[PDB]
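# Secondary and tertiary structure notes
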Amino acid sequence: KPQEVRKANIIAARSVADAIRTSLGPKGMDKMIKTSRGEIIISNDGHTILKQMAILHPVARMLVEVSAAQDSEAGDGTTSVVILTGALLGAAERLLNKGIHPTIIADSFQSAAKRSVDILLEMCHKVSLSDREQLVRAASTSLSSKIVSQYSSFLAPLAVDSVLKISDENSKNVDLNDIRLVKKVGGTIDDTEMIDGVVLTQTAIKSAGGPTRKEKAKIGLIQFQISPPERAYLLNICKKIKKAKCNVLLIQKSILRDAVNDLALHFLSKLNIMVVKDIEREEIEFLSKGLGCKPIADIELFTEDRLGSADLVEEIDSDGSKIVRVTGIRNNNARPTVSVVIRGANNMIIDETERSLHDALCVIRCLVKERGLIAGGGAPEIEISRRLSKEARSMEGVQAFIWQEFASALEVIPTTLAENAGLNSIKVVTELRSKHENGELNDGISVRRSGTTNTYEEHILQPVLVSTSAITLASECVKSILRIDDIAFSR
Amino acid sequence: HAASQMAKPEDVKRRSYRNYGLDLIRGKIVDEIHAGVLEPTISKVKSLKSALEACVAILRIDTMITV
């Protein structure tokens, strides 16, 4: 019985949505998760909720894929893509109880999304790649929820200008893995160091012998731990690195012992080779990429063509920071590597602060990906509901009735925002619609004002990509869940 | 204590009606300045402020899931 299969798929997914429904907004309710590793966590971060939910229901594991896709697509508001999915499924339950076959339902949601994206493109507040006023404006307002948002004004040009440099004005893609944020203890919140190249988390040789810097430096990556089970063996290993004249050596962090026996470290000193240790796997993917080099796993496979080139290699030790920056790569195959060192007070503060800036970097990427700012506070969801309801009045057939239910589902975002704000749900959405009858972007759910006003005037705007991908990816989930016909085991 | 706010508009009172407190020995209401009971300002400020954070942390928690 496929109706029983679909019933279970809908009920299960609704229960995941009813779990996250309370988390939307700066006033959101917190969820407690008792994990199987024995840690009880409390947080309002939505992806954290679904990541630590440990969903066992095979159908509901698609809802995690929705969250991750929204994060890799826009990287903000990933709470809302689950809530939007939930309402579309709850509305789908009403459609299923009306006797509309899932295929008719899914294709009608497809046509609703096509019109919905166009609606968002209409209300787009125009931006520009040179418009640093609105770029700094919106970015710092996305940092407004952070612990000290007054010091985020100075963190704003860090994110804005660093991305505007890595990204071309006429460009459709920005890589956030090419912008690495590195924390460092000491300094103030407004104090960060943005470097136009790779930054090494370690310094030259630990023991005496560290050259600390190189001119005309060629960077190789030899990752394998060098230690005795010895003199000639341990020495000859690093000798060949001198043979091809490699001046900077990166060594992967080993699970056995320290990078290299002091015999070959002091020999690398005698070879005048700057030795960099304790490099991470992901650091190699970051570091060897921008440098334009190929990493070597072992100590035997050293070659010449994998030599690098660095204009500036020097140790940046500020108040005992001890981090190396390398700039001027000038490699034909490389990309504009950007790396930032985050100064601050406490190690725990700068760790979370770094993550607060990762949120901001996604905001600017969303604006480069697709130009435009959109009203916050769920205002675009009320506006879309009115337009699709207006279009559903002239649309004919069962396709019109499903379009109407889509509009009802669009209220889950402005409703959730109002509920978690503690305002009478019907009072708020009633006022939202009355205001949208006159204005367009002049509306939005305001936490500070406890009412409806212009989030543009409240400095609360969101990238049009966030809303566009939220509706787009949601229609993909609705199709995926409604298309589940049976669940079988494979073995 | 209430009379300290009721008669304040006069700025002239039969008593200040402030700095009265509980006598934990005799079980009477006594003036703490004449009695000698003083507490740090930073202490009562830090207590009341931290008390809100404790209450909010609990009231904010509206869902619990066991894995």
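Residues numbered from 1 in each chain as written, not as in the entry; some residues may be left out. Chains lettered and ligands numbered in written order. Part of a larger assembly, values for the part shown. Heavy atoms only, no water.

Its PDB header attributes the entry to cryo-EM and lists the resolution as 4.1 Å.

Along chain A, the regular secondary structure elements total 16 helices and 15 strands. Structurally, chain A occupies a C-alpha span of about 85 × 60 × 45 Å along its principal axes. Every one of the 491 residues in chain A was classed for burial, and the buried ones make up 48%. (Helix = DSSP H or I, 4+ residues; strand = E, 2+ residues; numbered from the N terminus. Buried < 20%, exposed > 50% of the residue type's maximum accessible area, 1.4 Å probe, protein only.)

Turning to the pairing of strand β2 (residues 40-43) of chain A, a few remarks are in order. Residues and elements named next belong to chain A. The pairing of strand β1 (residues 30-34) with β2 spans 4 bridges and is antiparallel. Residue pairing in the sheet places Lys34 in a bridge with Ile40 of β2. Hairpin geometry of β1 and β2 is characterised by an intervening segment of 5 residues between the two adjacent antiparallel strands and by a positive phi of about 95 degrees at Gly38. (Pairing = 2+ DSSP bridges.)

Across the 6 residues of strand β3 (residues 61-66) of chain B, 0 count as buried, placing the element largely on the outside. Note that β1(A) and β3(B) share 5 bridges and pair parallel. Opposite A:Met32, over in β3(B), you have B:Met64 as the bridge partner.

The subject of this paragraph is the nonpolar core. Residues and elements named next belong to chain A. Formed by 59 residues in total, the largest nonpolar core has its most connected members in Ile105, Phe109, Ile384, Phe406, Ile481 and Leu482. In terms of residue count, the dominant contributor to this core is helix α4 (residues 78-97) (11 residues). Those residues in contact with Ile384, other than ones at most four positions away along the chain, are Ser116, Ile119, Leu120, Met123, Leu410 and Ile471. Listed in part, the 27 residues of the second largest apolar core include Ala138, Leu143, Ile189 and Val338. (Core = buried A, V, L, I, M, F, W, Y, C linked by side-chain atoms within 4.5 Å. Contact = heavy atoms within 4.5 Å.)

Before going further, it helps to spend a moment on the interface of chain A and chain B. Tallying the contact residues gives 17 residues for chain A and 9 residues for chain B. Between chain A and chain B, the buried area comes to about 1,100 Å², and carbon and sulfur atoms account for 58% of it. Contact with chain B buries area across many residues of chain A, yet A:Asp30, A:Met32 and A:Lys34 alone supply 44% of it, more than any other trio. Our enumeration of links across chain A and chain B arrives at 1 salt bridge. Among the salt bridges present, the one from B:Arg60 reaches A:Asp30, with a minimum N-O distance of 2.9 Å. Secondary-structure elements contributing two or more residues to the side of chain A that touches chain B are β1 and α2 (46-53) of chain A. (Buried area = accessible area lost by both parts, 1.4 Å probe. Salt bridge = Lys/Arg side-chain N within 4 Å of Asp/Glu carboxyl O.)

The next thing to look at is the pattern of salt bridges. All names here are of chain A. Tallied over the full model, the rule gives 33 salt bridges over all chains. Across the pair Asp161 and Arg132 runs a salt bridge whose closest N-O atoms are separated by 2.8 Å. With a gap of 29 residues between them, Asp161 in helix α7 (residues 152-166) and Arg132 in helix α6 (residues 132-142) connect regions that are remote in the sequence. A salt bridge links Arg281 to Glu285, with the nearest nitrogen and oxygen atoms 3.2 Å apart. Here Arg281 pairs with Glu285, and both are found in helix α10 (residues 281-291), just 4 residues apart, close to one helical turn.

So, on to the domain arrangement of chain A. Assigned domains within chain A: domain 1 (1-127 + 372-491), domain 2 (128-196 + 336-371) and domain 3 (197-335). For domain 1 of chain A versus domain 3 of chain A, the distance between C-alpha centres works out to 49 Å. (Domains from an automatic or database assignment.)

Looking now at α2(A). Listed in full, the buried residues belonging to α2(A) are A:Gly46, A:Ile49, A:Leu50, A:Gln52 and A:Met53. Packing partners of the buried residues in α2(A) comprise α1 (2-20), β1, β2, α3 (61-73) and α4 of chain A together with β3 of chain B.

Take the packing of helix α5 (residues 102-122) of chain A against helix α13 (residues 398-409) of chain A next. Geometrically, a packed helix pair is captured by the angle between its two axes and the distance between the axes. Residue and element names in this part refer to chain A. Interhelical geometry of α5 versus α13 gives an angle of 65 degrees and a closest axis separation of 9 Å. Between α5 and α13 the crossing geometry is right-handed. Facing α5, whose interface residues are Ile104, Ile105, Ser108, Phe109, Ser111, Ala112 and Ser116, α13 presents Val398, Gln399, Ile402, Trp403 and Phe406. Residue composition of the contact of α5 with α13, by class: 8 nonpolar, 4 polar and no charged. (Axes fitted to C-alpha atoms, helices over the stretch in contact; angles between N-to-C directions. Left-handed = near helix turned anticlockwise from the far one by under 90°. Nonpolar A, V, L, I, M, F, W, Y, C, P; charged D, E, K, R; others polar.)

A cluster of nonpolar residues, A:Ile147, A:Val148 and A:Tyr151, forms a patch on the protein surface that exposes about 330 Å² of accessible area. Counting through the fold element by element, A:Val148 comes out in the loop between α6 and α7. (Patch = residues over 30% accessible without salt bridge, like charges linked within 9 Å, V, L, I, M, F, W, Y side chains within 5 Å. Areas by Shrake-Rupley, 256 points an atom, 1.4 Å probe, with all protein chains shown as cover.)

Residues and elements named next belong to chain A. Of note in the backbone geometry, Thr212 takes a positive phi value of approximately 75 degrees without being a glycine. Within the secondary structure, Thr212 sits in the loop between β5 (199-200) and β6 (219-221). Although it is not a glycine, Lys216 adopts a positive phi angle of roughly 60 degrees. Within the element layout of this structure, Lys216 appears in the loop between β5 and β6. Assessed through its relative accessible area of 69%, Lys216 is described here as exposed.

A separate point is the sheet that holds strand β8 (residues 274-279) of chain A. Residue and element names in this part refer to chain A. Pairing is parallel in the open sheet, where 3 strands are placed in the order β6-β7-β8. Every other strand in the sheet has two partners, leaving β6 and β8 as the edge strands with one partner each. The sheet shows a mean angle of 20 degrees between the axes of neighbouring strands, taken without regard to direction. The sheet contact formed by strand β7 (residues 248-252) and β8 spans 4 bridges and is parallel. Residue pairing in the sheet places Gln252 in a bridge with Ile279 of β8. Relative to the sheet, α10 contacts β6, β7 and β8, its axis offset from that of β8 by approximately 140 degrees.

Residue and element names in this part refer to chain A. Running from N to C, α4 and helix α16 (residues 464-482) point in directions that differ by 45 degrees, and their axes come no closer than 9 Å. Here α4 is positioned oblique relative to α16, judged by the angle of their axes. The way α4 lies across α16 gives a crossing that is right-handed. Note on element contacts: α16 touches α4 through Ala470, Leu473, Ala474, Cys477, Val478, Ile481 and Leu482, opposite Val81, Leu84, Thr85, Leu88, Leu89, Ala92 and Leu96. A per-class count over the contact of α4 with α16 returns 13 nonpolar, 1 polar and no charged. (Parallel < 35°, antiparallel > 145°, perpendicular 65-115°, else oblique.)

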